[PDB]
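Peer 1: Before I ask anything, let me first share the structure, which is written out below as structure tokens.
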Amino acid sequence: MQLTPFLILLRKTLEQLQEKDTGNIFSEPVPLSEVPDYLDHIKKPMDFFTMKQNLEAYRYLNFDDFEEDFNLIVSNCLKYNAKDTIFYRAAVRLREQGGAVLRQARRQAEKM
Ligand SMILES: O=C1CNc2cc(Br)ccc2N1
């Protein structure tokens, strides 16, 4: 496949995913000022802005690795936060809704 169409597809998929983050709690790195003990539990932080940066740095050359970092956004949040928190439920919703976005984008990818 050709790189340029693939990357415009990842750009579109990334904005579709970011759209699901209505609370805007995944679109920027978790502020270590608000959450000082965060990197004590979270080995690799991830967020949609970082993903965009990674995309443009050509770090995503297949959907698996793109999807890998999205999954980090979700799993980091499930790991750090108690089940009874808004944050945890947000991550579950993102897993669900983002999963559907990803399945479709992958389908368009398979077409390529
Ligand atoms: O796990 C998280 C996801 N994002 C976030 C943003 C702020 Br602001 C504060 C805490 C978190 N924790």
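Each chain in the structure tokens gets a letter, A, B and so on, in the order shown; residues start at 1 in every chain, and ligands are counted from 1 in the order they appear.
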Check chain A with DSSP on the backbone and list each residue it calls alpha helix (DSSP H), as a ChimeraX atom specification.
Peer 2: /A:3-20,38-41,48-56,63-80,86-111
Peer 1: Let's have the selection written as a short mmCIF file (atom, residue, chain, number, x, y, z; two decimals), in the first residue's frame, with C-alpha atoms.
Peer 2:
data_model
loop_
_atom_site.label_atom_id
_atom_site.label_comp_id
_atom_site.auth_asym_id
_atom_site.auth_seq_id
_atom_site.Cartn_x
_atom_site.Cartn_y
_atom_site.Cartn_z
CA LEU A 3 1.98 5.59 2.74
CA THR A 4 0.19 8.91 2.18
CA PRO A 5 -3.36 7.45 1.94
CA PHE A 6 -2.69 5.29 4.95
CA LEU A 7 -1.59 8.25 7.02
CA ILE A 8 -4.53 10.42 6.06
CA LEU A 9 -6.69 7.47 7.17
CA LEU A 10 -4.92 7.34 10.54
CA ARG A 11 -5.38 11.07 10.88
CA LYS A 12 -9.10 10.68 10.27
CA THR A 13 -9.39 7.72 12.59
CA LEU A 14 -7.53 9.60 15.30
CA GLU A 15 -9.92 12.58 15.09
CA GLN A 16 -12.86 10.13 15.18
CA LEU A 17 -11.43 8.58 18.34
CA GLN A 18 -10.74 11.98 19.90
CA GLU A 19 -14.36 12.89 19.20
CA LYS A 20 -15.44 10.08 21.52
CA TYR A 38 0.87 8.57 38.15
CA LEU A 39 4.13 7.33 36.66
CA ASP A 40 4.63 5.11 39.69
CA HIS A 41 1.90 2.82 38.34
CA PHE A 48 -4.31 11.46 21.66
CA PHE A 49 -1.95 14.43 21.23
CA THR A 50 1.10 12.20 21.67
CA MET A 51 -0.48 9.81 19.18
CA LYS A 52 -0.86 12.64 16.67
CA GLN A 53 2.78 13.51 17.18
CA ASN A 54 3.73 9.86 16.71
CA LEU A 55 1.60 9.65 13.57
CA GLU A 56 3.36 12.64 11.99
CA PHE A 63 -2.88 -0.36 12.10
CA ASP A 64 -1.69 -2.74 14.80
CA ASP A 65 0.77 -0.24 16.22
CA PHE A 66 -1.70 2.62 16.00
CA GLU A 67 -4.25 0.49 17.81
CA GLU A 68 -1.56 -0.48 20.33
CA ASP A 69 -1.20 3.12 21.57
CA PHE A 70 -4.96 3.67 21.61
CA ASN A 71 -5.26 0.56 23.78
CA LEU A 72 -2.68 2.09 26.14
CA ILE A 73 -4.86 5.18 26.59
CA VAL A 74 -7.67 2.85 27.63
CA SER A 75 -5.71 0.37 29.75
CA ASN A 76 -3.70 3.04 31.57
CA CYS A 77 -6.92 4.65 32.68
CA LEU A 78 -8.52 1.35 33.74
CA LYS A 79 -5.32 0.54 35.67
CA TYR A 80 -4.83 3.81 37.51
CA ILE A 86 -15.98 8.65 36.22
CA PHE A 87 -12.50 8.11 34.72
CA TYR A 88 -12.79 4.34 34.78
CA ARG A 89 -16.24 4.36 33.14
CA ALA A 90 -14.95 6.85 30.54
CA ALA A 91 -12.25 4.38 29.60
CA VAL A 92 -14.79 1.55 29.30
CA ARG A 93 -16.93 3.73 27.02
CA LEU A 94 -13.89 4.73 25.00
CA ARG A 95 -12.95 1.07 24.67
CA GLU A 96 -16.42 0.32 23.33
CA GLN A 97 -16.92 3.31 21.08
CA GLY A 98 -13.30 3.53 19.94
CA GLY A 99 -13.33 -0.19 19.22
CA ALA A 100 -16.08 0.38 16.70
CA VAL A 101 -14.20 3.29 15.11
CA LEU A 102 -11.10 1.14 14.83
CA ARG A 103 -12.87 -1.87 13.34
CA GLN A 104 -14.24 0.32 10.56
CA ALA A 105 -10.99 2.10 9.86
CA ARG A 106 -9.26 -1.27 9.69
CA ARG A 107 -11.84 -2.37 7.12
CA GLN A 108 -11.05 0.67 4.98
CA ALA A 109 -7.39 -0.24 5.53
CA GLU A 110 -7.91 -3.82 4.31
CA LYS A 111 -9.42 -2.34 1.15
#
Peer 1: Interatomic distance between CA of residue 24 in chain A and atom 10 (C, counted along the ligand's line) of ligand 1?
Peer 2: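 Interatomic distance here is 10.7 Å.
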Peer 1: For a quick check of understanding, using only C-alpha atoms and all ligand atoms, which of A:2, A:22, A:81, A:62 has the smallest distance to ligand 1?
Peer 2: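 Under the stated criterion, the closest residue is A:81.
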Peer 1: Rounded to one decimal, what separation in Å do you get between atom 9 (C, counted along the ligand's line) of ligand 1 and CA of residue 25 in chain A?
Peer 2: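 Spanning atom 9 (C, counted along the ligand's line) of ligand 1 to CA of residue 25 in chain A is a straight-line distance of 7.0 Å.
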